[PDB]
Amino acid sequence: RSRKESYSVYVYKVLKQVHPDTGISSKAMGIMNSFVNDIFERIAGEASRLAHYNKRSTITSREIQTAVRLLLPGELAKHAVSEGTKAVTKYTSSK
Amino acid sequence: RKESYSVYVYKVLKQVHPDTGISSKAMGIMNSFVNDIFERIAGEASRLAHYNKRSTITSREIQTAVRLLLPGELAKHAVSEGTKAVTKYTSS
Amino acid sequence: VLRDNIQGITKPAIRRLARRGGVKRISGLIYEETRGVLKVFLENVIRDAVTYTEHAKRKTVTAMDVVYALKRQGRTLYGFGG
Amino acid sequence: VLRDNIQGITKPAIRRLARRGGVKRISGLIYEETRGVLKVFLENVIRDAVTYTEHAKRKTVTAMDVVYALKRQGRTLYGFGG
Amino acid sequence: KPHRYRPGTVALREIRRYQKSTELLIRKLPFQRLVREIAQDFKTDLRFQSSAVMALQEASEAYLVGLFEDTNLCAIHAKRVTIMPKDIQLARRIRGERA
Amino acid sequence: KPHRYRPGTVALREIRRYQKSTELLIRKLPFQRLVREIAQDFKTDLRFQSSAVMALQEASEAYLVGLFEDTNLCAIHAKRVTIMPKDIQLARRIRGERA
Amino acid sequence: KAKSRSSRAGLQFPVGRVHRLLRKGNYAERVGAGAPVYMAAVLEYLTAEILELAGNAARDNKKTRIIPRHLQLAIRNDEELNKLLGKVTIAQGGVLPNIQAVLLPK
Amino acid sequence: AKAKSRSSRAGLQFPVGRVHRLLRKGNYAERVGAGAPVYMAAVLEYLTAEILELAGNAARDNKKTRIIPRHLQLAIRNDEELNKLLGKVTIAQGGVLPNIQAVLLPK
DNA sequence: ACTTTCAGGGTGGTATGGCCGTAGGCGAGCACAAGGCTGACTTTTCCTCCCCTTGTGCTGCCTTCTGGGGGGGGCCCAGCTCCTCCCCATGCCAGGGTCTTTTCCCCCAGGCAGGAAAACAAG
DNA sequence: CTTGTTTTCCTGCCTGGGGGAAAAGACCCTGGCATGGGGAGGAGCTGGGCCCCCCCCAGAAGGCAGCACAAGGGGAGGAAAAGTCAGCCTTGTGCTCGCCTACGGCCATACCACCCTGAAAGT
């Protein structure tokens with residue numbers, strides 16, 4: 001049987017980070033996987049359209065950030081942009 | 001330089017209305033229509049290939065994109081047009 | 001599974017849907033209107049699902065076919081894959 | 001253009017828009033309501049367009065920026081390029 | 001004579017009960033029969049996954065509940081508490097299903 | 001005494017006149033100033049293409065006319081001919097702009 | 001004997017430029033040979049369908065030129081075209097003349 | 001060199017490498033930059049943590065220790081921003097928010 | 001009308017996809033309770049609908065004055081193009097660290113019985 | 001304003017079932033290396049967006065009359081809501097069949113890539 005893949009493992013790690021003593025059901029995990037895939041598809045499509053509008057061939061963290069600003073409401077976009085910028089800074093400037 | 005479908009929208013107008021002309025404003029609108037439908041069809045065919053784990057957009061993916069996006073009688077005639085074109089194009 | 005199954009969406013079921021919608025009083029003509037609305041909605045989703053199934057050269061409609069049909073209509077569904 | 005330009009959408013202009021919309025009679029609070037609704041709509045569209053303009057590293061909002069901002073809000077606009 | 005509740009309080013209790021729950025309010029077998037009957041017109045000798053029928057049912061319940069919320073708002077707009085077909089029609093026309 | 005029209009006939013003739021035309025019903029300069037005032041809270045020192053401002057005006061006018069049609073339907077739903085702010089509120093809520 | 005592919009398919013829309021647009025549009029890794037032919041046939045059919053109705057509207061107003069108003073009239077009068085372009089604003093197109101029957105004098 | 005995980009390097013839990021692969025194979029552009037997966041995996045982790053925290057709060061309010069679809073739906077429909085983000089999304093077996101209009105309540 | 005950019009012709013290579021074979025998962029089909037949900041009838045109440053009337057808010061009209069629309073001119077900055085090149089992303093291969101699937105068992109959720117409390121509506 | 005009456009919440013007890021941990025592997029991610037190409041940057045150029053000037057007349061704004069429409073009150077009737085009772089049909093269980101789908105293996109042609117040129121379409 002061919003192996004499928006999902007975000008369940010990382011969803012579970014984030015859940016154990018944010019709520020160490022509460023669990024999650026299989027249906028809720030499936031909903032979480034659908035949500036992660038939906039948001040990934042949204043952001044990636046918006047970044048693709050951005051790079052095509054600007055006659056570019058590379059999707060960059062700049063396109064990802066502008067997609068995040070175009071797609072998420074005020075405070076969610078603010079905090080998501082901050083998280084992405086800090087993650088990229090840590091990735092580039094260390095280890 | 002810049003390209004468009006003005007040469008081909010005009011050659012289509014002179015086939016359905018040989019006397020009627022077109023404004024540059026109406027022609028520019030017809031260019032946004034053609035580009036908007038093309039991106040609609042190509043985007044749906046792109047998803048159709050990805051769902052089926054294919055890596056090629058063939059006439060089958062365009063035919064299914066057309067039947068998903070156009071309404072009832074528009075799709076029956078658009079598909080009949082595309083099928084008739086490929087049949088004549090492949091057979092010499 | 002061949003004829004007249006729209007009547008299987010019974011008046012009590014429509015009343016329960018209205019109650020979940022917060023409706024307090026229901027006219028007697030609302031049931032046969034809700035049935036037509038539901039019929040139109042199901043026709044629109046199932047047409048796209050069957051189109052996906054036929055494109056995949058399959059004979060069984062799948063939850064993924066239904067999910068794609070719903071997504072194409074701006075009705076993204078979570079919980080059945082995707 | 002610094003302050004209080006919403007009043008430039010005059011009551012005769014709002015009546016003209018309502019007349020094109022088929023409205024026969026208009027209450028007096030409709031003008032303020034419409035000014036607020038238009039302000040919210042414009043804020044949304046111009047925020048999206050300025051996002052595109054800033055990503056393109058430009059200082060000028062182009063008609064293509066507005067067309068993209070309108071497309072991603074579900075309101076396609078024909079006649080200004082694209 | 002026995003004890004009877006006033007017309008409209010059991011309706012409020014039912015609203016509370018059905019808005020506290022998540023279960024499906026249409027029986028599964030008649031809905032499945034409706035789904036198969038509709039799919040007949042699109043392709044004969046079709047098969048369905050149980051998950052496909054379940055996804056269709058969940059989508060239909062969500063759609064109908066949201067439409068009933070908008071219908072209730074139109075009814076309250078017309079100074080009524082009884083929802084009528086014209087309220088469903090107004091809701092659908094405004095959200096863009098009737099044009 | 002002079003001749004005057006009854007309230008409503010001039011309204012209908014204005015409807016007929018403005019439903020046959022395409023020209024923008026808002027004055028271009030005060031609309032441009034409003035657009036530039038709104039954009040000032042997103043980025044200072046913004047330049048605007050004339051076609052960009054024209055596109056914004058066409059979009060805004062089409063949006064307002066389409067909204068006034070729904071507002072008129074909501075007003076008629078309540079057995080009225082006059083449109084009120086609650087009609088606009090109901091139309092926008094059912095559309096999804098107010099939820 | 002270097003015939004064009006549009007002439008091979010019998011179309012007035014550019015099969016070659018449609019093929020290039022499909023190849024450079026990031027739609028898939030590969031584009032089949034009949035895909036641009038099908039797409040250019042569909043686009044030509046739709047353009048002809050809209051232009052026919054727009055010219056009919058123009059002749060209805062004793063005008064020899066198609067304008068955005070005529071395109072709007074064609075789209076909004078045709079039921080299938082109205083459904084297809086249901087979320088599209090035609091610049092300088094206006095609206096259909098429509099008055100609710102309750103607003104007319106009795 | 002001992003293979004070091006890019007998610008660990010970035011500080012995230014989400015799969016930076018799998019996100020890069022999905023971006024490359026999704027037909028979004030000719031090329032994908034090195035910071036694009038790291039940024040997308042941070043955004044997807046933040047948006048996961050937000051919903052999970054709100055749904056854990058909703059589960060605790062109901063005296064449950066296991067998140068079920070009801071808790072996610074309550075979180076989304078009670079958060080103003082998440083409701084806007086997921087306004088066209090149906091949660092299976094999620095129910096609706098408790099809400100009765102004042103007009104229908106007894107006098 | 002000139003042109004200059006791009007679509008077509010010919011050839012090489014391989015990789016995607018089509019075809020045959022195969023096995024099992026799951027979808028369809030048939031019994032069989034039985035009991036919980038549905039359908040139907042009855043009461044009656046309360047909500048909708050119609051009619052009337054008042055006054056208030058909207059429209060129609062007229063006059064004054066402002067400011068939007070239309071040229072006219074200057075200017076300077078911002079968007080676009082071009083040429084360098086260098087740093088980044090791509091392609092490929094080897095090897096292990098991560099993630100997927102299977103197994104299981106124990107705690108969290110579901111069911112039930114019994115009691116207490118909380119609104120409801122009659123008087 | 002009391003008292004009886006359904007309905008729901010709470011708590012203890014029993015139970016089951018599904019989720020969280022453990023283990024083997026398989027599969028893709030990371031490291032290392034070579035390499036073409038895209039985009040960042042330094043100029044240069046000019047198109048257009050801004051800004052000011054003048055004029056004028058068309059449209060906005062304010063006021064006034066008057067009327068018609070929105071709203072509130074009152075009454076009648078008819079149509080839902082609630083309750084009860086008989087039936088039926090959903091559903092949960094169990095057993096069977098075989099069809100369809102997904103994987104494997106092989107290979108064939110269809111598409112990419114590249115080198116040239118002529119012609120199509122853009123100004």
Side-chain angles (χ1 to χ4, degrees), chain A residues 2-6 8-9 12 23-26 29 56-58, chain B residues 1-4 6-7 54-56, chain C residues 10-13 25-28 58-60, chain D residues 10-13 25-28 56 58-60 62, chain E residues 1-11 13 17 27-30 47-50 79-82 84, chain F residues 2 4-11 27-30 47-50 78-82 84, chain G residues 2-6 14-17 19-20 23 29-33, chain H residues 1-6 15-18 20-21 24 30-34 64-66 68 106:
Chain A
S2 72
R3 59 129 66 170
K4 296 144 308 263
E5 67 166 34
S6 96
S8 325
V9 156
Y12 193 84
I24 193 157
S25 99
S26 265
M29 191 66 84
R56 291 321 191 51
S57 292
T58 322
Chain B
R1 43 145 269 192
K2 254 214 91 179
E3 71 171 15
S4 42
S6 305
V7 152
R54 298 280 124 85
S55 59
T56 320
Chain C
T10 55
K11 150 180 171 180
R25 274 190 35 132
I26 302 142
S27 151
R58 281 195 264 93
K59 330 186 91 132
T60 108
Chain D
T10 51
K11 150 192 162 110
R25 275 184 36 127
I26 299 141
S27 152
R58 284 191 263 91
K59 274 142 119 143
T60 286
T62 49
Chain E
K1 82 165 187 139
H3 161 63
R4 198 205 219 90
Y5 277 112
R6 285 305 83 211
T9 179
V10 182
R13 304 210 262 93
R17 173 223 215 287
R27 298 305 164 251
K28 288 183 186 28
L29 215 80
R47 294 160 77 92
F48 279 91
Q49 302 195 351
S50 314
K79 229 73 64 65
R80 281 183 280 99
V81 281
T82 315
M84 311 203 157
Chain F
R4 96 184 290 201
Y5 281 110
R6 191 177 74 141
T9 100
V10 198
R27 316 262 63 108
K28 275 137 192 226
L29 182 62
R47 306 164 74 84
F48 269 92
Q49 283 195 354
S50 111
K79 292 121 277 172
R80 277 195 274 108
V81 296
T82 309
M84 283 137 83
Chain G
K3 318 149 38 68
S4 197
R5 291 166 74 210
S6 316
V15 165
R17 142 191 312 173
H19 195 159
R20 198 225 323 148
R23 277 193 280 81
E29 191 244 313
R30 284 137 37 91
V31 175
Chain H
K2 277 58 60 195
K4 197 157 36 143
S5 148
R6 276 153 81 208
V16 171
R18 180 184 307 200
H20 201 161
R21 194 237 308 152
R24 285 193 259 93
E30 217 200 317
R31 305 137 73 80
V32 173
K64 307 261 144 271
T65 50
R66 151 161 326 141
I68 56 136

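What's counted below: heavy atoms across the whole structure, side chains too, no hydrogens, waters or symmetry copies. Chain letters run A, B, ... following the sequence lines, proteins first and then strands; every chain starts at 1.
- Applying the salt bridge (charged side-chain N to carboxylate O under 4.0 Å, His left out) test to E:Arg6 and every residue at least two apart in sequence or in another chain returns nothing.
- More than 12 non-hydrogen atoms from other residues, nucleotides or ligands lie less than 6.0 angstrom from NZ of F:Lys79.
- Put simply, CZ on G:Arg20 is 11 Å from P on J:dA121, counting in whole angstrom units.
- In a base pair of the Watson-Crick type (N1 to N3 plus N6-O4 or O6-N4) or a G-U wobble (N1-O2 and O6-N3), with each distance short of 3.5 Å, J:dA68 is matched with I:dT56.
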Short heteroatom pairs, N/O only, protein and nucleotides 16-19 of chain J, under 3.5 Å:
{"unit_1": "J:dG19", "atom_1": "OP2", "unit_2": "A:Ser26", "atom_2": "OG", "d": "2.9"}

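- A sub-4.0 Å separation between OP1 or OP2 of J:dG122 and a side-chain N or O of G:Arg17 is present.
- Nearest to the side chain of H:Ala1, among J:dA26, I:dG17, J:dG32, sits J:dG32.
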Protein heavy-atom contacts under 4.0 Å, written 5' to 3' over nucleotides 62-82 of chain J as B (base), S (sugar-phosphate only) or - (none), form the string ----S-SSSS--------SSB
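- North is the pucker class for the sugar of I:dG71, given a positive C1'-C2'-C3'-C4' value.
- In this structure, the salt bridge (charged side-chain N to carboxylate O under 4.0 Å, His left out) partners of A:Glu5, at least two apart in sequence or on a different chain, are H:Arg18, H:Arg21.
- Applying the 90° criterion around 0 to the glycosidic angle, J:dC29 comes out anti.
- Listed pair A:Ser57 / J:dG38 fails the phosphate criterion, with no side-chain N or O lying under 4.0 Å from OP1 or OP2.
- Between A:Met29 atom CE and J:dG20 atom P there is a gap of 7 Å when expressed in whole angstrom units.
- The interatomic distance linking D:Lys11 (NZ) with J:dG59 (P) rounds to 17 Å, in whole Å.
- The nearest pair of heavy atoms linking C:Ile26 to E:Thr82 is C-CG2, 3.7 Å.
- The terminal axes of the helix from I:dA89-J:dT35 to I:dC120-J:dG4, fitted over 5 pairs per end, subtend an angle of 100° to the nearest 10°.
- Remark: the bases of I:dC65 and J:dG59 meet in a Watson-Crick or G-U wobble pair, both edge contacts within less than 3.5 Å.
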Base-contact (B) and sugar-phosphate-only (S) positions in nucleotides 69-96 of chain I, heavy-atom cut-off under 4.0 Å, - elsewhere: S--------SS---------SS------
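- Atom CZ of H:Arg6 and atom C1' of J:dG31 are 12 Å apart (whole Å).
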